[PDB]
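A single chain comes next, written as structure tokens; it is the form deposited in one PDB entry.
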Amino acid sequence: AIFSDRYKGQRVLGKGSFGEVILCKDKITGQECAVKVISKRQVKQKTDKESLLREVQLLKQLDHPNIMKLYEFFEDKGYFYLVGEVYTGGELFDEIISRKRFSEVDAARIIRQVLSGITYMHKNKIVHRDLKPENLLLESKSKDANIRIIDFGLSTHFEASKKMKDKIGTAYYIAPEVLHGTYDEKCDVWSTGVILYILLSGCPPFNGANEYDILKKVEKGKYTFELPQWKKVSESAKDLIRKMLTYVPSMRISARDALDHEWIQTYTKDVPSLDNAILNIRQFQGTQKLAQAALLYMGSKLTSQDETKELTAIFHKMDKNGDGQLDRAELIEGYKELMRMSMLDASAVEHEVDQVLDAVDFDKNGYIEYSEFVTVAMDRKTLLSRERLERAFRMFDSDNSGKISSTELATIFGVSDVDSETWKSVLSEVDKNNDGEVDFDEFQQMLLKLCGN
């Protein structure tokens, strides 16, 4: 069976672990799905074919309200296609920051759901390993919506990217035993423990100025409840967190046993709002998302440089008599050529080409100046990535000051794991009045200089 025979791409939902996720539609039934597309070239397999197939077959038969539903699996020469249920409520933390109040009852209800899904998967000998807030989606945009955990089982079969754009936020949540190589299902309880700690204080239990500092803290495994925010918190919640963040996994509480914990039992059946926590979470989330957006912007810019020159070279070769004129069918064949080395098949490329032509007001039916088409086709993704970066900038700038401070930049570039000396150097080239702050344009300029421009 061939993936594109059955499904058509509607739009890109976003980038997740191991690949891009595309909102697709069944060509016959009209069923909408979220399809994780894994590039074989970019992502190595840890397991063999037989093991992956069998795992997938198991996953298709599994069903739990807090676990992403998997429907289908396809494989071609270059890609794996993982077809799951699409959820519309977004990421948990993005919903949480929008609330005016948040309590231990809300936290407990969230964690019960996570523990329930984890418990179910563990019974079936499937481990997540890379559990973190962005793997917790909300089923719908309804305020009470169920949490759906994504990416269970994948890290067993695929090697994680070593690129920082893919690694953002991973360090806070990873279990110490995962770092050292001997791990089991208990690693998921640790990660859930870290998440709970963040839910109740707004701060990561294991924090640091960069990835390695964070990992160093995790590996030591020591944390405290000495922040001001922890005075508002019950003893039972801290007791649960202690049991989940127990270093030796055999001594660590299981997911199932955690569901029976006093805290869970008590708070999921009066409590104040954790206002300090909500504020800290807002700041945490904004920082994480800006760092991510920063790396993606730089990556998209590099990709644009690559693709612009490749596309130009493809069309030059095609342009036999060298007058710079190509027809739409040729533009499609060359765009396909670029894709050959989102655009899952020929019809997707036809549409994209048509969208570019309709932007540049070039007639679809005559011969076209390809150099102009190239510019617009690329420029489009350029304008686009810039818009998502800007939005993340505005979001982070909660006071609408229009600026980010040098201290804030340190925090952002730290999470993005950009070398301290390097960004300071680029900051010095842009900030030339010792202002100690940058507006959006300036920030963008820094990122361009941080990706060889």
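Heads up: residue numbers just count along the shown sequence, starting at 1. Just so we're on the same page, rigid core means the largest C-alpha set that superposes within 1.5 Å between forms.
The form deposited in another entry exists for this protein as well; it is not shown, and the discussion that follows is about that form.
A.B. asks: Pick from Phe373, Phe158, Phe73, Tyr87: whose Cα moves by 2 Å or more between this form and the one not shown, rigid core superposed?
C.D. replies: The listed residue whose C-alpha shifts by at least 2 Å is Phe373.
A.B. asks: Any CA movement of 2 Å or more for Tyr223 between this form and the one not shown, core superposed?
C.D. replies: The answer is no; the displacement is under 2 Å.
A.B. asks: Answer yes if the Cα of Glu235 shifts by 2 angstroms or more between this form and the one not shown on a rigid-core superposition, and no otherwise.
C.D. replies: No, the C-alpha moves less than 2 Å.
A.B. asks: Look at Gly181 and decide if its Cα position differs by 2 Å or more between this form and the one not shown after superposing on the rigid core.
C.D. replies: Result for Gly181: no, shift under 2 Å.
A.B. asks: Could you tell me whether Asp358 and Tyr7 have their C-alpha atoms closer or farther apart in that other deposited form than in the shown form, knowing the shift is 3 angstroms or more?
C.D. replies: Farther apart, which means the C-alphas of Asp358 and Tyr7 are at least 3 Å more distant in that other deposited form.
A.B. asks: Do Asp275 and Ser142 move together or apart in that other deposited form, judged by C-alpha distance changing 3 Å or more?
C.D. replies: Result: closer.
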